[PDB]
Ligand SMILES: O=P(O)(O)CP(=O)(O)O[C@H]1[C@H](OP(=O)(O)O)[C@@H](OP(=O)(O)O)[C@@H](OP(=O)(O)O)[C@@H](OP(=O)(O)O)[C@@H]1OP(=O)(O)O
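Before any questions on how it binds or moves, here is one chain, the form solved without this ligand, in structure tokens.
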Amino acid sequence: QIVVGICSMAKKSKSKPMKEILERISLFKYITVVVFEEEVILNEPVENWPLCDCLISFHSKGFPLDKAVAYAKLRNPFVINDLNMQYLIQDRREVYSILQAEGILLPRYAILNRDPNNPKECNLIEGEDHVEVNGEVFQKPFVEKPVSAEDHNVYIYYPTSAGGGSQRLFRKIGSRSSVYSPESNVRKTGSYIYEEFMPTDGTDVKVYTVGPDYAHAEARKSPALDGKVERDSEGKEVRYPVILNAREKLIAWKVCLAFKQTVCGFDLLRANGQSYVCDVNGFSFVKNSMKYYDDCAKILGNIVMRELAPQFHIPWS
């Protein structure tokens, strides 16, 4: 049997979408799935981790990515989502740098790197209705993102003409994804990316790749609007159907390959007749879609079989 090893925190490895996909990959005649226990990931040296031929592994909070990297170097499995790229995915500066290099449209942006021992010495000038970062002017509305992609405290600053203040976004707390604040001035500690605010119809397009030639997309209310989460009768967040256009399918192809993440989530802002990438999240599954579960498992299994059947002498067309 070809062994597909799953290496992530238990919250992820035991999530419903993970279980739905793994039960389906297990239906492949020549594939066995082995899910690495969290206690092993955290407490055992990599030399003791289960063997696999193909490794599906991804960082989330508390995950020892250094160990996953060392395991992959030690065992040389076929890696579905590249591990070293997952250090870069944690840094919004590195994400935007890769997107730029790939000719991918993204919001006009500037990086404010602030020295925590000399915080007033960074390249920031502030007006009541704009900031100037490294000399570049961003008129309000503009967006302020922590350089850490794991920090979801993204702020939007409203122009005086709209009443000023700001919208403070955060990891969804039950019924809310943002709150209005009267504060009009930008944060004065930390490093940030400042970006132009892209006007959309008030929704985000969420894209989920499984290899570069498959991408499921759906839309959700932007947390940049009022911040009240829309929920249906079953209690799940409202999603809107999306079909990606030719340009966006190419964006998906580029993102997947550029970040070397077979399974890759990213966000699009449909603004001014184009689509702009504002976020790349790496490993991410769609929830509550039986067709996605089917498709994703089939694609991943086929990828595994295509790559490894020859060395295993398994017939595969």
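Heads up: residue numbers just count along the shown sequence, starting at 1. The term rigid core refers to the maximal set of C-alpha atoms that superpose within 1.5 Å between the two forms. Only residues modelled in both forms are compared.
Note that the form deposited with this ligand bound isn't included here; everything after this is about it.
Heavy atom contact within 4.5 Å of this ligand in the entry with it bound, the stretch among 229 to 237, 121 to 129, 70 to 78, 243 to 251: Contact-bearing stretch, as computed: 229 to 237.
Give a yes or no for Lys172: in the entry with it bound, does one of its heavy atoms lie within 4.5 Å of a heavy atom belonging to this ligand? Judged by the heavy-atom cut-off of 4.5 Å, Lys172 is in contact with this ligand in the entry with it bound.
When the contact criterion is heavy atoms within 4.5 Å, does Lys16 count as touching this ligand in the entry with it bound? Taking the distances in the entry with it bound, the answer for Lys16 is no, it never comes within 4.5 Å of this ligand.
4.5 Å heavy atom contact, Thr262 and this ligand in the entry with it bound: Flag for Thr262 set to no.
Given that this ligand is not shown alongside this chain, does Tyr208 nevertheless sit within 4.5 Å of it in the entry with it bound, heavy atom to heavy atom? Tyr208: yes, in contact with this ligand in the entry with it bound.
What I'd like checked is whether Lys29, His216 and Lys298 together line this ligand in the entry with it bound, meaning each has a non-hydrogen atom within 4.5 Å of it. So, no: the whole triplet misses this ligand.
Which residue, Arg93, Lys140, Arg220, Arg168, is the contact with this ligand in the entry with it bound, using a 4.5 Å heavy atom cutoff? Of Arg93, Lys140, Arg220, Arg168, the residue with a heavy atom within 4.5 Å of this ligand in the entry with it bound is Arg220.
Relative to this ligand in the entry with it bound, which residues of 9 to 43 have a heavy atom no more than 4.5 Å away? Those in contact are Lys11, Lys12.
Core aligned, which of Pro199, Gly127, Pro119, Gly163 has the Cα that shifts 2 angstroms or more between the shown form and the other one? With the rigid core fitted, the residue that moves is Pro119.
Spell out which consecutive segments of 3+ residues have Cα shifts of at least 2 angstroms at every position between the shown form and the other one, with the rigid core used for superposition. Once the cores are aligned, run 117 to 120 is the only one whose C-alphas move by at least 2 Å.
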